Every structure is written in structure tokens, then in C-alpha cells.
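K.L.:
3D model of this:
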Amino acid sequence: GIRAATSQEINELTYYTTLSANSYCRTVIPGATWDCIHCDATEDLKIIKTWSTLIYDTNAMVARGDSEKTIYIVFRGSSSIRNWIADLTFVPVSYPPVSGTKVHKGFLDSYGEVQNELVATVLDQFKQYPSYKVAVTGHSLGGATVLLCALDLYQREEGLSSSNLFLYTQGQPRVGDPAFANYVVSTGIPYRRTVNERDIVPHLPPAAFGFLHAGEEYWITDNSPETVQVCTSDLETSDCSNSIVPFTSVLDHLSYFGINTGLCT
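P.N.:
Residues are numbered from 1 along each chain as shown. Sharing the structure here:
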């Protein structure tokens with residue numbers, strides 16, 4: 001099906017796009033403070049911890065919202081996005097937890113570098129607030145790591161399942177082949193994949209290389225008034241953003257809902 005997103009659904013996706021946008025501020029990661037212009041939206045969240053890894057430069061954080069009863073996981077995209085786009089090269093490798101599936105090596109190496117410590121900090125918080133929900137979000141590169149993070153959490157089968165684990169991504173590139181996308185749909189995890197108009201990143205690598213997207217597609221088709229088309233299928237369809245290919249845009253990547261995503265502007 002194809003349907004229009006509700007007011008409430010746009011409000012929720014703008015909230016996750018803000019957390020994503022905020023993560024590109026050096027005072028947020030690794031500063032560990034809510035000292036930024038749009039931080040006022042999330043400033044009531046308690047920042048548990050932040051990371052800026054050494055080899056892959058993986059920037060992420062764990063935050064806790066008590067009034068929201070949510071444990072938040074946020075992944076930053078690249079600190080030099082134009083360049084990240086211009087140079088992305090895909091290197092399909094086996095995804096270890098699931099035999100018969102392939103993922104781009106570079107996303108596994110990014111996650112791989114923060115995994116241990118991050119997952120221990122999230123289980124520690126979840127053991128203390130078991131009633132809360134776990135929400136993962138990230139834009140661009142951050143969206144690919146966010147997806148690998150949510151699968152890892154579900155796979156630890158620690159009380160995190162489709163009913164209390166949510167993934168929200170903005171401008172995310174495809175991460176694995178068809179077989180890996182099927183696997184993602186098989187977990188049942190609520191996955192909202194947001195695409196901002198003609199943003200070229202959600203169309204990389206080219207359709208021709210063999211990768212495919214999982215997650216319900218929320219496509220921003222207009223910004224004033226904000227309009228979003230939802231392709232409810234959990235696998236990639238030709239009915240939302242793929243309909244504009246190959247006439248994509250690099251600048252559409254840098255703004256979601258009106259928020260600069262990538263420059264903490």
C-alpha cells in the first residue's frame with residue numbers, strides 16, 4: 001500500500017531527525033552536552049555516554065529520557081559528508097550472525113569498533129529501566145550503523161524484541177543484499193526509513209549492484225506544507241523515492257524536515 005503519513009507520524013519522525021542532526025555538533029559528541037541551537041528539543045535527556053572511535057571515527061551516544069521512558073541510541077553520519085558521498089565504494093562481505101547474507105564491509109567495521117562498549121552501556125540501562133522502550137536513530141552513514149546496532153541488540157535476546165525496540169533512519173544507504181533485507185523483515189522490528197525527496201544516498205549502491213532496502217519507506221515529497229508518502233511494504237518498492245531515479249540530489253541529503261542534517265547548522 002501507499003498512504004499519507006499523519007500529523008503525529010511526521011511529529012515523531014522530526015523528533016528522531018533532530019536527535020540525528022544534533023549528533024553532528026562537537027559539543028554533543030564528544031562534548032556530551034546539549035549546547036547547540038536545536039538542542040533545546042532534546043535537552044531533557046540524560047546523556048549516559050558518548051564515543052568517537054579511533055580507526056573508523058564512529059560517533060555515537062546513549063541517552064535516557066525518563067519522562068519519555070525511552071532509552072536512545074544515536075549514531076552520527078560522516079564528519080565530511082560531501083566527501084563521504086563522493087568516495088563511497090561498496091564491498092559485500094558475509095554478515096556473520098546470519099549465514100547466507102552479505103552487508104557492506106565498511107558499515108560492519110564502523111559498528112564493530114563501538115559495539116562492545118555501546119551494547120554493554122545499553123543493557124546496563126535497560127536492566128535498570130526494563131519498562132522503557134529502546135529507540136535507535138541515525139542519518140546517512142549513522143543510519144547504516146543504527147540498523148546494524150538494532151539487529152545486534154535483538155540477536156543478544158535479552159528482553160529487546162519487536163515490541164520495545166524501534167529503528168528510525170534518515171538518508172540511509174542500502175546496507176545488504178536481498179537475503180539480508182529478508183532477514184531484517186523477519187525480526188519484526190518497527191523500522192521507519194525516512195527519505196527526503198530526491199536525496200541520492202538511499203539510492204546507493206546502484207540498484208544494479210545487488211543490494212536492497214528493508215524498512216517501511218516514509219518519503220518527504222514536499223516541505224511546505226510538509227508532505228510524506230508512506231510505502232507500507234517492509235521491503236523496498238518502486239513506488240516511493242525510487243520513482244525519481246536517476247534524477248537525484250546531493251543537497252536533499254543535507255536537510256530533513258527543515259533541519260540541517262550533517263552540519264549542525
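K.L.:
residues in contact with residue 189?
P.N.:
Counting by C-beta atoms under 8 Å, 6 or more residues apart in numbering, residue 189 touches 150-151, 154, 162, 165-167. C-beta coordinates here come from the backbone N, C-alpha and C atoms, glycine included.
K.L.:
residue 71: neighbour count?
P.N.:
Residue 71: 26 surrounding residues under other C-beta atoms under 10 Å.
K.L.:
was I right to think it contacts residue 126?
P.N.:
Yes - with contact taken as C-beta atoms under 8 Å, residue 71 and residue 126 are classed as touching, separated by 6.0 Å.
K.L.:
now for those two: what residues contact both?
P.N.:
With C-beta under 8 Å, 6+ apart as the test, residue 71 and residue 126 both reach 132, 134.
K.L.:
quick one: the residue lying closest to residue 43 once chain neighbours are set aside from residue 20, how far?
P.N.:
Spatial nearest neighbour of residue 43, excluding adjacent residues (C-beta to C-beta, 6 or more residues apart in numbering): residue 34 at 4.0 Å. Distance, residue 34 to residue 20, using C-beta to C-beta, to the nearest Å: 14 Å.
K.L.:
out of the two, which sits in the busier spot?
P.N.:
Shown here are residue 34 and residue 20; by other C-beta under 10 Å, residue 20 has more neighbours (29 against 19).
K.L.:
any idea which element that one lies in?
P.N.:
helix 7-22 (DSSP states H and E).
K.L.:
can you list the helices and strands that that helix packs against?
P.N.:
strand 70-75, strand 133-139, strand 165-170, strand 191-196, strand 226-231, strand 255-256, strand 259-260 (3 or more C-beta pairs under 8 Å, 6 or more residues apart in numbering; DSSP states H and E).
K.L.:
tabulate those (JSON lines), appending distance to residue 119.
P.N.:
Compiled in JSON lines, the helices and strands packed on helix 7-22 are given as follows (distance: least, C-beta to C-beta, whole Å):
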{"stretch": "strand 70-75", "distance to residue 119": "10"}
{"stretch": "strand 133-139", "distance to residue 119": "11"}
{"stretch": "strand 165-170", "distance to residue 119": "13"}
{"stretch": "strand 191-196", "distance to residue 119": "19"}
{"stretch": "strand 226-231", "distance to residue 119": "31"}
{"stretch": "strand 255-256", "distance to residue 119": "27"}
{"stretch": "strand 259-260", "distance to residue 119": "28"}
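K.L.:
could you look up the SS state of the residue nearest to residue 140 when sequence neighbours are not counted?
P.N.:
Computed as C-beta to C-beta, 6+ apart, the closest residue to residue 140 that is not its neighbour in sequence is residue 77, at 3.0 Å. Secondary structure assignment for residue 77 (DSSP: H, G, I helix; E, B strand; the rest coil): coil.
K.L.:
count the residues that sit near residue 77.
P.N.:
Residue 77: 28 neighbours (other C-beta under 10 Å).
K.L.:
which SS class is residue 93?
P.N.:
Three-state call for residue 93 (three-state DSSP): strand.
K.L.:
please report the distance of it from residue 53.
P.N.:
Distance from residue 93 to residue 53, by C-beta to C-beta: 19 Å.
K.L.:
one more: residue 5?
P.N.:
Distance of residue 5 to residue 53, given as C-beta to C-beta: 34 Å.
K.L.:
the more surrounded of these two?
P.N.:
residue 5 (20 against 16).
K.L.:
please list all residues in contact with the more buried one.
P.N.:
13, 218, 228-230 are the contacts of residue 5 under C-beta under 8 Å, 6+ apart.
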